[PDB]
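Okay, input-v5.cif now, which holds mmCIF, C-alpha atoms and all ligand atoms:
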data_input
loop_
_atom_site.label_atom_id
_atom_site.label_comp_id
_atom_site.auth_asym_id
_atom_site.auth_seq_id
_atom_site.Cartn_x
_atom_site.Cartn_y
_atom_site.Cartn_z
CA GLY D 458 -60.29 -106.12 -16.32
CA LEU D 459 -57.10 -104.77 -18.06
CA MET D 460 -58.17 -106.44 -21.42
CA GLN D 461 -59.46 -103.58 -23.67
CA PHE D 462 -61.10 -104.27 -27.07
CA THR D 463 -59.39 -102.13 -29.78
CA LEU D 464 -60.59 -101.66 -33.39
CA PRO D 465 -58.50 -100.86 -36.48
CA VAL D 466 -57.97 -97.05 -36.85
CA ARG D 467 -60.75 -96.42 -39.47
CA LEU D 468 -63.32 -98.32 -37.26
CA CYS D 469 -62.00 -96.77 -33.98
CA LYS D 470 -62.72 -93.27 -35.49
CA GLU D 471 -65.89 -93.89 -37.59
CA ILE D 472 -67.68 -96.00 -34.85
CA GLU D 473 -68.10 -92.67 -32.90
CA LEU D 474 -70.15 -91.22 -35.83
CA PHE D 475 -73.93 -91.76 -36.16
CA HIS D 476 -73.68 -92.90 -39.86
CA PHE D 477 -71.20 -95.78 -39.10
CA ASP D 478 -71.89 -99.05 -41.03
CA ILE D 479 -70.69 -102.15 -39.04
CA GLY D 480 -69.41 -103.79 -42.31
CA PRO D 481 -69.85 -107.27 -43.87
CA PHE D 482 -67.44 -109.19 -41.52
CA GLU D 483 -69.99 -110.89 -39.16
CA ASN D 484 -67.12 -112.20 -36.92
CA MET D 485 -66.18 -108.54 -36.03
CA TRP D 486 -69.73 -107.60 -34.75
CA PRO D 487 -69.47 -109.20 -31.24
CA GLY D 488 -66.14 -107.35 -30.71
CA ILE D 489 -67.74 -104.09 -32.01
CA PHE D 490 -70.60 -104.52 -29.43
CA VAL D 491 -68.20 -105.24 -26.49
CA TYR D 492 -66.06 -102.21 -27.54
CA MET D 493 -69.24 -100.05 -27.39
CA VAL D 494 -70.36 -101.46 -23.96
CA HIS D 495 -66.82 -100.83 -22.53
CA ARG D 496 -66.75 -97.16 -23.78
CA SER D 497 -70.51 -96.44 -23.14
CA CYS D 498 -70.92 -98.24 -19.78
CA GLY D 499 -67.40 -99.18 -18.52
CA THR D 500 -65.02 -102.20 -18.51
CA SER D 501 -66.55 -103.07 -15.04
CA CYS D 502 -70.28 -103.08 -16.13
CA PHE D 503 -70.24 -106.77 -17.20
CA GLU D 504 -68.09 -109.88 -16.56
CA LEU D 505 -66.42 -110.31 -20.01
CA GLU D 506 -66.94 -114.15 -20.00
CA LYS D 507 -70.71 -113.78 -19.19
CA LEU D 508 -71.16 -110.87 -21.70
CA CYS D 509 -69.48 -112.93 -24.52
CA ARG D 510 -71.68 -115.99 -23.72
CA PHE D 511 -74.80 -113.71 -23.63
CA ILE D 512 -73.88 -112.02 -27.02
CA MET D 513 -73.28 -115.42 -28.74
CA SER D 514 -76.65 -116.83 -27.47
CA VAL D 515 -78.41 -113.59 -28.65
CA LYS D 516 -76.77 -114.04 -32.12
CA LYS D 517 -77.95 -117.71 -32.29
CA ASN D 518 -81.59 -116.62 -31.56
CA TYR D 519 -81.68 -114.17 -34.54
CA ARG D 520 -82.88 -115.93 -37.74
CA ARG D 521 -81.41 -115.94 -41.29
CA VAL D 522 -84.00 -113.43 -42.62
CA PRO D 523 -83.13 -110.63 -45.10
CA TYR D 524 -83.44 -107.61 -42.71
CA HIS D 525 -84.60 -108.52 -39.12
CA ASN D 526 -81.29 -110.37 -38.46
CA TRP D 527 -78.15 -110.21 -36.24
CA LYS D 528 -76.70 -107.31 -38.37
CA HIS D 529 -79.86 -105.23 -37.62
CA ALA D 530 -79.49 -105.96 -33.84
CA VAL D 531 -75.84 -104.72 -33.81
CA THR D 532 -76.68 -101.72 -36.11
CA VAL D 533 -79.49 -100.57 -33.73
CA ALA D 534 -77.14 -101.02 -30.69
CA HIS D 535 -74.50 -98.85 -32.49
CA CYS D 536 -77.03 -95.97 -33.02
CA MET D 537 -77.90 -96.18 -29.25
CA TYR D 538 -74.10 -96.11 -28.50
CA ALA D 539 -73.71 -92.88 -30.58
CA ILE D 540 -76.72 -91.24 -28.77
CA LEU D 541 -75.38 -92.24 -25.29
CA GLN D 542 -71.79 -91.07 -26.11
CA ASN D 543 -73.09 -87.66 -27.44
CA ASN D 544 -75.31 -87.23 -24.27
CA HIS D 545 -72.71 -88.36 -21.62
CA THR D 546 -74.32 -86.80 -18.48
CA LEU D 547 -78.11 -87.26 -19.25
CA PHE D 548 -78.39 -91.06 -18.60
CA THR D 549 -78.08 -93.10 -15.36
CA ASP D 550 -75.64 -96.03 -14.80
CA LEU D 551 -78.56 -98.55 -15.12
CA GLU D 552 -79.91 -96.88 -18.33
CA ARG D 553 -76.50 -97.27 -20.12
CA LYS D 554 -76.29 -100.99 -19.09
CA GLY D 555 -79.96 -101.65 -20.04
CA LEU D 556 -80.28 -99.74 -23.34
CA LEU D 557 -77.38 -101.33 -25.34
CA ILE D 558 -78.68 -104.79 -24.27
CA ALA D 559 -82.31 -103.76 -25.08
CA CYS D 560 -81.20 -102.72 -28.63
CA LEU D 561 -79.16 -105.92 -29.20
CA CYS D 562 -82.20 -108.05 -28.07
CA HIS D 563 -85.06 -105.85 -29.45
CA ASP D 564 -85.90 -108.15 -32.48
CA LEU D 565 -84.86 -111.58 -30.97
CA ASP D 566 -86.33 -114.53 -32.95
CA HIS D 567 -87.95 -112.24 -35.60
CA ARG D 568 -89.42 -114.26 -38.55
CA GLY D 569 -89.60 -111.22 -40.94
CA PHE D 570 -93.41 -110.87 -40.47
CA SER D 571 -95.42 -107.98 -38.93
CA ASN D 572 -97.81 -108.17 -35.94
CA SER D 573 -100.64 -107.78 -38.56
CA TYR D 574 -99.57 -110.95 -40.47
CA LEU D 575 -99.32 -113.03 -37.21
CA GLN D 576 -102.92 -111.86 -36.31
CA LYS D 577 -104.32 -112.72 -39.80
CA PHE D 578 -102.46 -116.10 -39.84
CA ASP D 579 -103.88 -116.76 -36.30
CA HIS D 580 -100.31 -117.52 -35.02
CA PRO D 581 -100.11 -118.83 -31.39
CA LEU D 582 -98.09 -115.68 -30.36
CA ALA D 583 -101.13 -113.52 -31.41
CA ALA D 584 -103.29 -115.42 -28.79
CA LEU D 585 -100.51 -115.16 -26.11
CA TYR D 586 -99.86 -111.39 -26.78
CA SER D 587 -102.91 -109.52 -28.20
CA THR D 588 -100.96 -106.21 -28.77
CA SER D 589 -97.24 -105.53 -29.52
CA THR D 590 -97.20 -109.29 -30.37
CA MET D 591 -93.59 -109.70 -31.66
CA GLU D 592 -92.24 -107.09 -29.16
CA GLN D 593 -93.64 -109.04 -26.13
CA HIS D 594 -92.00 -112.18 -27.70
CA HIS D 595 -88.63 -110.31 -28.13
CA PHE D 596 -88.68 -109.36 -24.39
CA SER D 597 -89.68 -112.96 -23.39
CA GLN D 598 -86.67 -114.29 -25.45
CA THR D 599 -84.35 -111.72 -23.75
CA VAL D 600 -85.46 -112.98 -20.26
CA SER D 601 -85.08 -116.67 -21.43
CA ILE D 602 -81.41 -116.05 -22.50
CA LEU D 603 -80.63 -113.98 -19.31
CA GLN D 604 -81.79 -117.07 -17.28
CA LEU D 605 -79.50 -119.59 -19.11
CA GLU D 606 -76.66 -120.82 -16.79
CA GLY D 607 -73.68 -118.38 -16.93
CA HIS D 608 -75.67 -115.82 -19.07
CA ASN D 609 -76.80 -113.49 -16.24
CA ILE D 610 -74.75 -110.34 -17.09
CA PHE D 611 -76.70 -108.41 -14.36
CA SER D 612 -75.80 -110.89 -11.52
CA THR D 613 -73.84 -108.16 -9.55
CA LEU D 614 -76.97 -105.86 -9.44
CA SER D 615 -79.17 -105.75 -6.28
CA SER D 616 -82.69 -107.29 -6.47
CA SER D 617 -84.18 -103.74 -6.94
CA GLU D 618 -81.53 -102.59 -9.52
CA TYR D 619 -82.06 -105.91 -11.42
CA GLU D 620 -85.87 -105.29 -11.46
CA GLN D 621 -85.23 -101.67 -12.64
CA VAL D 622 -82.88 -102.69 -15.53
CA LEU D 623 -85.32 -105.44 -16.75
CA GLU D 624 -88.12 -102.79 -16.59
CA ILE D 625 -85.91 -100.36 -18.67
CA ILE D 626 -85.32 -103.26 -21.17
CA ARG D 627 -89.05 -104.27 -21.31
CA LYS D 628 -90.28 -100.67 -21.96
CA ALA D 629 -87.43 -100.04 -24.52
CA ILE D 630 -88.29 -103.25 -26.48
CA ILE D 631 -92.12 -102.63 -26.32
CA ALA D 632 -91.48 -99.04 -27.60
CA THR D 633 -90.02 -100.56 -30.87
CA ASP D 634 -93.66 -101.43 -31.77
CA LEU D 635 -94.01 -98.63 -34.40
CA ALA D 636 -97.85 -98.62 -33.75
CA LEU D 637 -96.95 -97.08 -30.30
CA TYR D 638 -94.47 -94.51 -31.78
CA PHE D 639 -97.11 -92.09 -33.28
CA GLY D 640 -98.79 -91.34 -29.90
CA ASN D 641 -95.46 -91.34 -28.00
CA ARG D 642 -93.92 -88.69 -30.35
CA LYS D 643 -97.16 -86.54 -30.30
CA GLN D 644 -97.11 -86.51 -26.43
CA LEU D 645 -93.34 -85.66 -26.45
CA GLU D 646 -93.96 -82.88 -29.07
CA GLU D 647 -96.71 -81.33 -26.80
CA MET D 648 -94.51 -81.67 -23.64
CA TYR D 649 -91.48 -79.97 -25.35
CA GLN D 650 -93.63 -77.16 -26.95
CA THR D 651 -95.57 -76.34 -23.68
CA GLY D 652 -92.25 -76.67 -21.75
CA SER D 653 -93.71 -79.34 -19.35
CA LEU D 654 -91.00 -81.94 -20.40
CA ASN D 655 -89.11 -82.94 -17.18
CA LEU D 656 -86.30 -85.58 -17.31
CA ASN D 657 -86.67 -86.11 -13.48
CA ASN D 658 -90.26 -87.37 -14.17
CA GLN D 659 -89.80 -91.18 -14.66
CA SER D 660 -92.90 -91.34 -17.02
CA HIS D 661 -91.22 -88.56 -19.15
CA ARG D 662 -87.83 -90.42 -19.21
CA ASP D 663 -89.70 -93.59 -20.36
CA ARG D 664 -91.20 -91.56 -23.29
CA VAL D 665 -87.75 -90.08 -24.28
CA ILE D 666 -86.15 -93.61 -24.12
CA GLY D 667 -89.08 -94.89 -26.27
CA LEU D 668 -88.31 -92.24 -28.95
CA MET D 669 -84.53 -93.09 -28.76
CA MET D 670 -85.53 -96.77 -29.39
CA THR D 671 -87.61 -95.75 -32.49
CA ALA D 672 -84.68 -93.51 -33.71
CA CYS D 673 -82.12 -96.36 -33.26
CA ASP D 674 -84.55 -98.92 -34.83
CA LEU D 675 -85.09 -96.75 -37.99
CA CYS D 676 -81.36 -95.71 -38.20
CA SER D 677 -80.97 -97.38 -41.70
CA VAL D 678 -82.55 -94.12 -43.05
CA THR D 679 -79.70 -92.05 -41.37
CA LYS D 680 -76.75 -93.83 -43.12
CA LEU D 681 -74.89 -92.61 -46.24
CA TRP D 682 -77.17 -93.04 -49.32
CA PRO D 683 -75.47 -96.25 -50.67
CA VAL D 684 -76.04 -98.02 -47.25
CA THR D 685 -79.66 -96.70 -46.98
CA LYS D 686 -80.46 -97.69 -50.62
CA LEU D 687 -79.01 -101.27 -50.27
CA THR D 688 -80.67 -101.77 -46.81
CA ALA D 689 -84.04 -100.77 -48.46
CA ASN D 690 -83.66 -103.91 -50.70
CA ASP D 691 -83.46 -106.14 -47.55
CA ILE D 692 -86.43 -104.31 -45.89
CA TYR D 693 -88.66 -104.74 -49.01
CA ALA D 694 -87.46 -108.37 -49.55
CA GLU D 695 -89.22 -109.09 -46.20
CA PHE D 696 -92.28 -106.88 -47.05
CA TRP D 697 -92.75 -108.73 -50.40
CA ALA D 698 -92.47 -112.20 -48.71
CA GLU D 699 -95.17 -111.10 -46.19
CA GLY D 700 -97.26 -109.89 -49.17
CA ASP D 701 -96.85 -113.35 -50.78
CA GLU D 702 -98.02 -114.97 -47.46
CA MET D 703 -101.01 -112.52 -47.30
CA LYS D 704 -101.95 -113.64 -50.90
CA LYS D 705 -101.69 -117.32 -49.70
CA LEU D 706 -104.27 -116.45 -46.92
CA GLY D 707 -106.57 -115.02 -49.70
CA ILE D 708 -105.90 -111.36 -48.65
CA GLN D 709 -104.65 -108.67 -51.10
CA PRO D 710 -101.72 -107.11 -49.17
CA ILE D 711 -101.22 -103.30 -48.96
CA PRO D 712 -99.16 -102.02 -51.97
CA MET D 713 -95.99 -101.66 -49.76
CA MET D 714 -95.92 -105.53 -49.38
CA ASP D 715 -96.97 -106.31 -53.04
CA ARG D 716 -93.95 -107.27 -55.23
CA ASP D 717 -96.17 -106.62 -58.33
CA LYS D 718 -96.06 -102.89 -57.25
CA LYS D 719 -92.23 -102.23 -56.93
CA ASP D 720 -92.80 -99.08 -59.11
CA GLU D 721 -94.56 -97.50 -56.01
CA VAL D 722 -91.52 -97.97 -53.62
CA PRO D 723 -89.93 -94.49 -54.20
CA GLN D 724 -93.21 -92.63 -53.30
CA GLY D 725 -93.75 -95.12 -50.38
CA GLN D 726 -90.25 -94.21 -49.02
CA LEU D 727 -91.19 -90.45 -49.25
CA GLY D 728 -94.38 -91.18 -47.20
CA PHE D 729 -92.35 -93.11 -44.60
CA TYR D 730 -89.70 -90.34 -44.27
CA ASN D 731 -92.38 -87.58 -44.02
CA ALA D 732 -94.84 -89.52 -41.72
CA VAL D 733 -92.37 -91.51 -39.51
CA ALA D 734 -88.60 -90.91 -39.86
CA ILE D 735 -88.26 -87.06 -40.18
CA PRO D 736 -90.79 -86.34 -37.35
CA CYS D 737 -88.95 -88.96 -35.15
CA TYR D 738 -85.44 -87.41 -35.61
CA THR D 739 -86.93 -83.82 -35.42
CA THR D 740 -88.48 -84.45 -31.93
CA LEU D 741 -85.33 -86.38 -30.82
CA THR D 742 -83.11 -83.38 -31.89
CA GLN D 743 -85.40 -80.95 -29.93
CA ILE D 744 -85.08 -83.12 -26.74
CA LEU D 745 -81.39 -84.15 -27.34
CA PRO D 746 -79.66 -81.48 -29.50
CA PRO D 747 -76.42 -83.52 -30.05
CA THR D 748 -78.49 -86.14 -32.08
CA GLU D 749 -79.00 -83.51 -34.88
CA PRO D 750 -76.67 -85.48 -37.26
CA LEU D 751 -79.37 -88.27 -37.45
CA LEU D 752 -81.96 -85.64 -38.63
CA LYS D 753 -79.48 -84.09 -41.16
CA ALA D 754 -78.67 -87.60 -42.58
CA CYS D 755 -82.39 -88.53 -42.72
CA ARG D 756 -83.11 -85.29 -44.68
CA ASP D 757 -80.17 -86.03 -47.09
CA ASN D 758 -81.74 -89.50 -47.79
CA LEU D 759 -85.24 -87.93 -48.26
CA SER D 760 -83.61 -85.68 -50.94
CA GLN D 761 -82.04 -88.81 -52.61
CA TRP D 762 -85.51 -90.56 -52.83
CA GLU D 763 -86.95 -87.35 -54.41
CA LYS D 764 -84.09 -87.60 -57.02
CA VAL D 765 -85.07 -91.29 -57.67
CA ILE D 766 -88.71 -90.15 -58.42
CA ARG D 767 -87.53 -87.30 -60.75
CA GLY D 768 -85.54 -90.01 -62.68
CA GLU D 769 -82.21 -88.26 -61.71
CA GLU D 770 -81.17 -91.72 -60.31
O1 LIG D 801 -88.43 -98.15 -45.18
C1 LIG D 801 -89.44 -98.45 -44.56
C2 LIG D 801 -90.72 -98.43 -45.19
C3 LIG D 801 -91.81 -98.77 -44.43
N1 LIG D 801 -91.66 -99.12 -43.12
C4 LIG D 801 -92.79 -99.44 -42.33
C5 LIG D 801 -94.05 -98.96 -42.68
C6 LIG D 801 -95.13 -99.26 -41.88
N2 LIG D 801 -94.99 -100.02 -40.80
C7 LIG D 801 -93.81 -100.51 -40.44
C8 LIG D 801 -92.67 -100.24 -41.18
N3 LIG D 801 -90.52 -99.13 -42.52
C9 LIG D 801 -89.40 -98.85 -43.14
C10 LIG D 801 -88.15 -98.88 -42.35
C11 LIG D 801 -87.06 -98.07 -42.55
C12 LIG D 801 -86.12 -98.40 -41.57
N4 LIG D 801 -86.62 -99.36 -40.82
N5 LIG D 801 -87.89 -99.68 -41.28
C13 LIG D 801 -88.69 -100.69 -40.70
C14 LIG D 801 -89.07 -101.81 -41.42
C15 LIG D 801 -89.83 -102.80 -40.79
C16 LIG D 801 -90.21 -102.68 -39.45
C17 LIG D 801 -89.80 -101.57 -38.73
BR1 LIG D 801 -90.23 -101.34 -36.88
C18 LIG D 801 -89.05 -100.59 -39.36
MG MG D 802 -89.17 -105.06 -34.08
ZN ZN D 803 -85.78 -103.58 -35.25
#
Final structure tokens representation of the file:
Amino acid sequence: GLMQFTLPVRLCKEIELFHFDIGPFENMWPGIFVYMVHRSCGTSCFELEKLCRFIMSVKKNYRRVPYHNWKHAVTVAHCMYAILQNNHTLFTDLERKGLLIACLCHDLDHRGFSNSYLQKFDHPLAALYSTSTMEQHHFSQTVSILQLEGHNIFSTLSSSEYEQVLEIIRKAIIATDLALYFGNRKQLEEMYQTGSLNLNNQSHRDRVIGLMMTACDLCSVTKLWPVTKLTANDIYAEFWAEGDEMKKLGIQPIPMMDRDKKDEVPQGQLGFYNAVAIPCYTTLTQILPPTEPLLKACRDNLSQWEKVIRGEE
């Protein structure tokens, strides 16, 4: 109980900031996650031995893919940490427990392929889970690891609290299906603008947590430009591989996934910022004002992609 995790001074300070990059030292990422759980949730939330065993089994079940890997899991959990720490009083004890774990586990066993590719390939998972295919798999993997001997980090919760936290985790992971984001944000936009948004309404809380999950999931676009630009390489490395696999199925992939069309990436990034990222952080900042730095950073990166198009870099 008296064993605190402590980071070097630069990490101790910068980990509080939304634009923090967890760095290239993979062996520091478990410690970074435990540090965040301890400060976000408490030193009492989890048995350290169980938490450490859970974290290391989660790591093992992320694959060696360019983007949807262990570093993405910890990066998304850090963005959730920053949101929770900047909104101290808004979230319940169970939400703080659930949401860092949901973020760490949200892409478990990702292969670097979209729901669309799994459906066109006729992958077994597409028959098991007709919608939100990979997201239902990610939740299934989370439950599998939680049920390994000595991995049940929630063991001190009551039957009803345990059911509640696993329901928070399921909804949070399903919400990372970007197909579901468009309608979720539109409903949240209407609720905020007509003033009907009510954080005591459980169905409203679910929507706000969904948008937080999208915001954390896309948080690569809220980093300093050099991080955002280099992460884009990893994102498109996966898109281009999926494009190659579409071509192997005898299907011309969309331009975004076609490596023959790299010239179109800058304009594609603009579309993504304007259609997905900026609207996401705008609605999140309206509902949770202290998350405004994510929107500011997103807008800075939009401006950088406009400079790339104008040949200014
Ligand atoms: O730069 C991007 C360009 C396009 N798309 C995208 C376009 C349509 N459908 C899905 C993704 N996402 C990104 C992006 C930026 C940050 N994260 N992601 C991301 C990547 C894969 C998957 C999920 Br979820 C998110
Ligand atoms: Mg995902
Ligand atoms: Zn993700």
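Within a radius of 10 Å around (-85.3, -85.5, -29.3), the polymer residues are residues 642, 645, 646, 649, 665, 666, 668, 669, 672, 736, 737, 738, 739, 740, 741, 742, 743, 744, 745, 746, 747, 748, 749 and 752 of chain D, counting only C-alpha atoms.
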Please, could you write that set of residues out with C-alpha atoms as a tab-separated table (two decimals), in the frame of the given file?
chain	number	residue	atom	x	y	z
D	642	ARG	CA	-93.92	-88.69	-30.35
D	645	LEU	CA	-93.34	-85.66	-26.45
D	646	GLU	CA	-93.96	-82.88	-29.07
D	649	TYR	CA	-91.48	-79.97	-25.35
D	665	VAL	CA	-87.75	-90.08	-24.28
D	666	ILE	CA	-86.15	-93.61	-24.12
D	668	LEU	CA	-88.31	-92.24	-28.95
D	669	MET	CA	-84.53	-93.09	-28.76
D	672	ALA	CA	-84.68	-93.51	-33.71
D	736	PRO	CA	-90.79	-86.34	-37.35
D	737	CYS	CA	-88.95	-88.96	-35.15
D	738	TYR	CA	-85.44	-87.41	-35.61
D	739	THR	CA	-86.93	-83.82	-35.42
D	740	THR	CA	-88.48	-84.45	-31.93
D	741	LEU	CA	-85.33	-86.38	-30.82
D	742	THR	CA	-83.11	-83.38	-31.89
D	743	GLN	CA	-85.40	-80.95	-29.93
D	744	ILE	CA	-85.08	-83.12	-26.74
D	745	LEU	CA	-81.39	-84.15	-27.34
D	746	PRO	CA	-79.66	-81.48	-29.50
D	747	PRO	CA	-76.42	-83.52	-30.05
D	748	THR	CA	-78.49	-86.14	-32.08
D	749	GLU	CA	-79.00	-83.51	-34.88
D	752	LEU	CA	-81.96	-85.64	-38.63
So which residues touch residue 727 in chain D within 10 Å, counting all atoms listed in the file, skipping near sequence neighbours fewer than 4 positions away, as number ranges by chain? D: 722-723, 731-734, 758-763, 766
Separation of CA of residue 622 in chain D from CA of residue 487 in chain D in Å: 21.7 Å
Can you work out the spacing between CA of residue 729 in chain D and CA of residue 686 in chain D in Å, to one decimal? 14.1 Å
Shell of 12 Å around residue 687 in chain D, all atoms listed in the file, local chain residues under 3 positions omitted, as number ranges by chain: D: 478, 523-524, 677-678, 680-684, 690-694
Write to file, as a compact mmCIF listing (two decimals), keeping the file's coordinate frame, the residues of the selection just made, with C-alpha atoms.
# COMPACT_ATOMS: atom_id res chain seq x y z
CA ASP D 478 -71.89 -99.05 -41.03
CA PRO D 523 -83.13 -110.63 -45.10
CA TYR D 524 -83.44 -107.61 -42.71
CA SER D 677 -80.97 -97.38 -41.70
CA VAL D 678 -82.55 -94.12 -43.05
CA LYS D 680 -76.75 -93.83 -43.12
CA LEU D 681 -74.89 -92.61 -46.24
CA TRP D 682 -77.17 -93.04 -49.32
CA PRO D 683 -75.47 -96.25 -50.67
CA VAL D 684 -76.04 -98.02 -47.25
CA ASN D 690 -83.66 -103.91 -50.70
CA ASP D 691 -83.46 -106.14 -47.55
CA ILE D 692 -86.43 -104.31 -45.89
CA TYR D 693 -88.66 -104.74 -49.01
CA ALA D 694 -87.46 -108.37 -49.55
Can you work out which residues are within 7 Å of ligand MG 802 (chain D), considering all atoms listed in the file, and then hand them over as an MDAnalysis selection string? chainID D and resid 563:564 591:592 633:634
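Minimum atom-to-atom distance to residue 531 in chain D, evaluated using all atoms listed in the file, belongs to D:479 out of D:625, D:479, D:575, D:508.
Minimum atom-to-atom distance to ligand LIG 801 (chain D), evaluated using all atoms listed in the file, belongs to D:673 out of D:460, D:474, D:565, D:673.
You can rank D:475, D:482, D:519, D:574 by their closest distance to residue 533 in chain D using only C-alpha atoms, and at the top of that list sits D:475.
With distances taken over only C-alpha atoms and all ligand atoms, D:569 is the one residue among D:499, D:725, D:481, D:569 lying closest to ligand ZN 803 (chain D).
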Long-range neighbours of range 697-704 of chain D as a PyMOL selection string, 8 Å cut-off, all atoms listed in the file, 4 positions minimum in chain: chain D and resi 569-571+574+693+708-711+713-716
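Take the candidates D:549, D:657, D:543, D:573 and check each one against ligand LIG 801 (chain D) using only C-alpha atoms and all ligand atoms; the shortest distance goes to D:573.
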Find, counting all atoms listed in the file, the residue in D:527, D:462, D:538, D:696 that gets nearest to ligand ZN 803 (chain D). D:527
Would you list the residues near (-69.3, -96.1, -17.5), meaning any protein, DNA or RNA residue with an atom at most 10 Å from that point in file coordinates, counting only C-alpha atoms, as a compact mmCIF listing (two decimals) with C-alpha atoms, keeping the file's coordinate frame?
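New file result-v4.txt:
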# COMPACT_ATOMS: atom_id res chain seq x y z
CA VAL D 494 -70.36 -101.46 -23.96
CA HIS D 495 -66.82 -100.83 -22.53
CA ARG D 496 -66.75 -97.16 -23.78
CA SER D 497 -70.51 -96.44 -23.14
CA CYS D 498 -70.92 -98.24 -19.78
CA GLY D 499 -67.40 -99.18 -18.52
CA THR D 500 -65.02 -102.20 -18.51
CA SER D 501 -66.55 -103.07 -15.04
CA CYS D 502 -70.28 -103.08 -16.13
CA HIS D 545 -72.71 -88.36 -21.62
CA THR D 549 -78.08 -93.10 -15.36
CA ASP D 550 -75.64 -96.03 -14.80
CA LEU D 551 -78.56 -98.55 -15.12
CA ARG D 553 -76.50 -97.27 -20.12
CA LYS D 554 -76.29 -100.99 -19.09
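Picture a line from CA of residue 688 in chain D to atom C14 of ligand LIG 801 (chain D); it runs 10.0 Å.
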Residue 600 in chain D: which residues within 10 Å, counting only C-alpha atoms, same-chain residues fewer than 6 positions away excluded, as a PyMOL selection string? chain D and resi 562+594+609+623+626-627
Please enclose the listed atoms of ligand LIG 801 (chain D) in an axis-aligned box, pad each side by 8 Å, and write out the centre and the three edge lengths in Å, rounded to one decimal, as lines of an AutoDock Vina configuration file.
center_x = -90.6
center_y = -100.4
center_z = -41.0
size_x = 25.0
size_y = 20.7
size_z = 24.3
